[PDB]
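Visitor: Please find the sequence and an experimentally derived structure below.
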Amino acid sequence: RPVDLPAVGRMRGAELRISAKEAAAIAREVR
Amino acid sequence: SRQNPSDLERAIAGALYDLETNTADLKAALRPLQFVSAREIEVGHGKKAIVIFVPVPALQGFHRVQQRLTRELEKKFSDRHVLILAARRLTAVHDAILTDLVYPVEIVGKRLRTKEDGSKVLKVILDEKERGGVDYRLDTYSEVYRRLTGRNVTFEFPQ
Amino acid sequence: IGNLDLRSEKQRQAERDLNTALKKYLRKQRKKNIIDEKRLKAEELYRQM
Amino acid sequence: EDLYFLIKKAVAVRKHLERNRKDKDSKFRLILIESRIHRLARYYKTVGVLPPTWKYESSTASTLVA
Amino acid sequence: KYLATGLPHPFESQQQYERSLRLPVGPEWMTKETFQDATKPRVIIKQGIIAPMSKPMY
Amino acid sequence: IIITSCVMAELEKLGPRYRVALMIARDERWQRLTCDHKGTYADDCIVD
Amino acid sequence: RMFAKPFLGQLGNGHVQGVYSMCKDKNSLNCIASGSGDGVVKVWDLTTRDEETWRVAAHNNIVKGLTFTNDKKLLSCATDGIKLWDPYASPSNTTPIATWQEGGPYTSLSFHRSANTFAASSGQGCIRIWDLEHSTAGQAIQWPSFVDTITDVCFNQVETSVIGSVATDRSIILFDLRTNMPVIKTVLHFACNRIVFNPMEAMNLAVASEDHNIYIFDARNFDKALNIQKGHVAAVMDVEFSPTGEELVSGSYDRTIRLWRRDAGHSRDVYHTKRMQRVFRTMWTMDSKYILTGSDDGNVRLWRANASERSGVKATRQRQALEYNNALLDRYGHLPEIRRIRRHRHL
Amino acid sequence: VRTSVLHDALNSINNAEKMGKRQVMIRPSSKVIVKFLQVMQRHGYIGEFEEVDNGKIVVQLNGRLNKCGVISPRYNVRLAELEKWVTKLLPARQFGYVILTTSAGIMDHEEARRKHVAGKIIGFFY
RNA sequence: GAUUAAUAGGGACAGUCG
RNA sequence: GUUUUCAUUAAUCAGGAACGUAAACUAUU
Ligand SMILES: [Zn+2]
């Protein structure tokens, strides 16, 4: 697998797509 | 208009009067012209180049007739670079200032090149068809633009 | 070992730089029997002679 | 105007289709022209350049040609 | 495959080249001093600081 | 945490798609056991 | 072709990021420094290639230029500015002992042969000359109406006070220093990534140009190129004349190092390695026998020129056999079998 | 059609650094792409760019950068969220940066932590 | 009072083409 | 192709509308 792909959301070419559940998950990890 | 005459303002007024009379046989936007505005700030070191400010449709009148008018002005006036412009009071205004600075030639390109850091340099490349008699005027164009607007540019011919 | 391959050298230089015998030639080429535009020009020349 | 040329084209293809009435490619192209006309006319209603009650199905065609 | 496919570059004619080689280098056909003077290379680099030249030689 | 020349050689033998892993491997604060052997086969170097 | 084993070594553990600049000590023989991309510079001694002699986190951006002085000190150039360190002192001093920022974004460095002057090519279209120990801000020389970045700069070594430099207007320009004014300007067809003078002939220069080519020019007559080596695939990122002035190294943007003869015009040899990710700076050592290649993989590799000629003292019959083989090939190098095996190389 | 001209330009940048070019022709220009190149030039992942007009951008690059992209929902982000976001986004805290159209402009995350300003996570490169 | 005029669109004209 | 115009009019498809004996080896590159 590619190593440099970040682990949060999906990556298609250059665009990076994050779902709102993943963003709220990161916010919950902060709080 | 606006101006009460100064030491070169009455000079350019007398100059346009003796271009009306005692000569050609060519006077189109000269008779509908009075005192307009003028400025004389130095260029380089030792030299000067006069700029005049003209109302806005008389610019296309002078674009109809600017060839050899500017030449006669250079020869019978102090042996310096004469230059004509539109008087105004934003980046479109700087665009008009540049395209009215370069009167017979059309500009082609504006290369805004940043350096390796936050500094940036703007260079305007002109047409290739007129190169012979404008290269000695290029520095005057640059310093005049610098004095009027403040952005440093540099004029260049392509290759 | 080292002499010129003369045919190879003349071909390399070509690539860089770019009334008794025709009777037996036509006899040789009339047994093929390809029409052969060079044979055509040669037959026109033999008509001219 | 763009809408004027388009409704003239629609009038033309409609007259030919009425004279012939057998082909289907004319019908398909008339459908596409009607869709383009309706989208453009919608844009022009929104910008307000013509009365909002101005409609065209066939009587606007017959009146503009008569 | 043992004939040469063409002239080497600097030469100008077949007679020139095929008559300029003309002599084997190895010691079986030449004296020792001539073998040395023939196989002595053009550039001779001993070790050390090969600095750029200071003043012209001639 | 130590990293051998064999492991570094395999990360370098892998192409430029692993440039990020090569940089993290060459993080400076980590010891580096140089190896005295031939094949640069990291499994046999580690086991030896 | 059996005994061509050119790769010798790798200078220690290398850098974190890529090796983007390096320079040798033209006075010494085993002093080299390499400035990486994260802004650390390292000074290596070539006798012991295990660990570096002196390292420091020099700048914030990449280390674009670097050189040794003539006394013992070294200069580094980055977009932050340039700095002067002394790596050889009985205390290790990581702080710089001189610093410059004014003059715009500096891009390259080159040091004089004899005196304590050096030139830095800036980005504002000028180079500027400092004379150490009695100057502060340095004199800026420039073409009159000039804008674009002057990429590389190099003092002529054999003739002092002649400065060659290349700008990104796809142009080379020559200066003079006794009369502080630019002299000549030629525009080529493609940009040139480096200029280098010849340390044996005073007037020949070589430009490594993005045309995938290496041009040898005569500085007196810029009308036609003296020689055109065309052997590369990507742009050339570095050229370096031999200190004996007869061979050339060219390190490319692709995975190659090409060794060349001065009048050949084609690849005498080519080096490549999977571990080398790109190639950025190659230079000889003053032996003219071992070349050094700073890669973009963060390695400073040490290869040997004449890739089948072992070093050290040779016995006399052995050196006779080697010179005999070499003269023999110089005679019979054009027959088919000899030609194909001498040209055949694994790329 | 991806109206994200920013994403188009960054796709061309990634294609160029993958293929091994030296300069690109980013066809549609915009001020956000200009400032994004400004911050990558600050961090030295790009040689030197120029914007010319009909306009387009020509970007001399050295070949140091690995990946670039744009965060498509353009998520607003505070400080503790910024720290955890940057550790979830980059492969390392010391390699690469993340971009924020802050209220103070467009800047990298170390500048955001210097100026104590939060903002919208938009882009990233390493 | 009314920007670039888009390397997204539609329209007109001319010579064509199937 | 133009020495031609309007200047977002655009893209996508829920719903909907017009057209209608067979198979059988297979942002660039
Ligand atoms: Zn090992």
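Guide: Received, thanks. Numbering: from 1, shown residues only, chains lettered A, B, ... in the order given.

Visitor: alpha carbons only for contacts and neighbour counts from here, please
Guide: Noted.

Visitor: Ramachandran angles for the residue nearest to residue G:123 when sequence neighbours are not counted?
Guide: Distance criterion Cα to Cα, 6 or more residues apart in numbering or on different chains; nearest residue to residue G:123, sequence neighbours excluded, is residue G:149 at 4.3 Å. Here is the backbone geometry of residue G:149 (degrees, to the nearest 10): phi -70, psi 130.

Visitor: burial count for residue G:149?
Guide: Residues contacting residue G:149 under the criterion other Cα atoms under 10 Å in any protein chain shown number 24.

Visitor: pretty sure it contacts residue G:122?
Guide: Yes. Because the distance of 7.0 Å satisfies Cα atoms under 8 Å, residue G:149 is recorded as touching residue G:122.

Visitor: that older thread, now do the residue nearest to residue G:123 against chain F, distance only.
Guide: According to Cα to the nearest Cα, to the nearest Å, residue G:149 stands 30 Å off from chain F.

Visitor: now swap in residue G:143 and tell me
Guide: Taking Cα to the nearest Cα, one finds residue G:143 at 41 Å from chain F.

Visitor: Cross-check the contact I'm expecting between that residue and residue G:126.
Guide: Yes. If you go by Cα under 8 Å, residue G:143 and residue G:126 touch, sitting 7.2 Å apart.

Visitor: Please report how far the spatially most central residue of chain C lies from the ion.
Guide: The centre of chain C sits closest to residue C:38, judged by Cα atoms, centre = their mean, with a distance of 8.9 Å. Taking Cα to the ion, to the nearest Å as the measure, residue C:38 and the ion are separated by 75 Å.

Visitor: Now that residue. Its backbone dihedrals?
Guide: Note on residue C:38: its backbone torsions stand at phi -70, psi -40 [degrees, to the nearest 10].

Visitor: now residue G:198
Guide: According to degrees, to the nearest 10, residue G:198 has phi -100, psi 130.

Visitor: thinking residue G:128 is in contact with residue G:122, fair?
Guide: Yes. Residue G:128 is in contact with residue G:122 according to Cα under 8 Å; the separation is 7.4 Å.

Visitor: ok, those two, which is more surrounded?
Guide: More crowded of residue G:128 and residue G:122, by other Cα under 10 Å: residue G:122, with 26 against 18.

Visitor: show me where chain F has strands.
Guide: Taking DSSP state E, the strands of chain F run over residues F:2-4, F:31-33.

Visitor: Parallel or antiparallel, list what pairs with the last one.
Guide: This means strand F:31-33. Here strand F:31-33 has these sheet partners by DSSP bridges: strand F:2-4 (parallel).

Visitor: what number of residues lie near residue G:134?
Guide: By other Cα under 10 Å, the residues close to residue G:134 number 8.

Visitor: swap that for residue G:346, sorry
Guide: Applying other Cα under 10 Å, we find 7 residues neighbouring residue G:346.

Visitor: for residue B:77, same thing?
Guide: Neighbours of residue B:77 (other Cα under 10 Å): 15.

Visitor: May I have the phi/psi pair for it?
Guide: Torsion angles, degrees, to the nearest 10, at residue B:77: phi -130, psi 90.

Visitor: Check the one 10 residues further on too.
Guide: For residue B:87, the backbone dihedrals (degrees, to the nearest 10) come out as phi -90, psi 130.

Visitor: With residue B:133 instead?
Guide: Phi and psi for residue B:133, reported as degrees, to the nearest 10, are phi -100, psi 20.

Visitor: Confirm residue C:11 sits in a helix?
Guide: Yes. Looking at residue C:11 with DSSP: H, G, I helix; E, B strand; the rest coil, it is inside a helix.

Visitor: show me where chain B has helices.
Guide: For chain B, the helices defined by DSSP state H occupy B:9-20, B:58-64, B:69-76, B:91-101, B:138-148.

Visitor: these two touch, right, residue G:69 and residue G:111?
Guide: Yes. Residue G:69 lies in contact with residue G:111 (Cα under 8 Å); the separation is 6.6 Å.

Visitor: And the helices in the chain?
Guide: By default, I'm working from chain A. Under DSSP H, chain A gives helices at A:20-30.

Visitor: Switch to chain F, please.
Guide: Ranges of helices in chain F, per DSSP H, are F:5-13, F:19-25, F:42-47.

Visitor: Same check on chain H?
Guide: Ranges of helices in chain H, per DSSP H, are H:5-19, H:31-42, H:79-89, H:109-115.

Visitor: so how many other residues sit close to the nearest residue to residue H:5 once chain neighbours are set aside?
Guide: Once flanking residues are discounted, residue H:5 sits nearest to residue H:28: 6.8 Å by Cα to Cα, 6+ apart. Neighbour count of residue H:28, defined by other Cα under 10 Å: 13.

Visitor: Now do the contacts for residue H:28.
Guide: Residues in contact with residue H:28 (Cα atoms under 8 Å, 6 or more residues apart in numbering or on different chains) are H:5, H:9, H:55-57.

Visitor: Can you say which of those residues are buried?
Guide: Neighbour counting by 16 or more other Cα atoms under 10 Å in any protein chain shown classes H:5, H:9, H:56-57 among those as buried.
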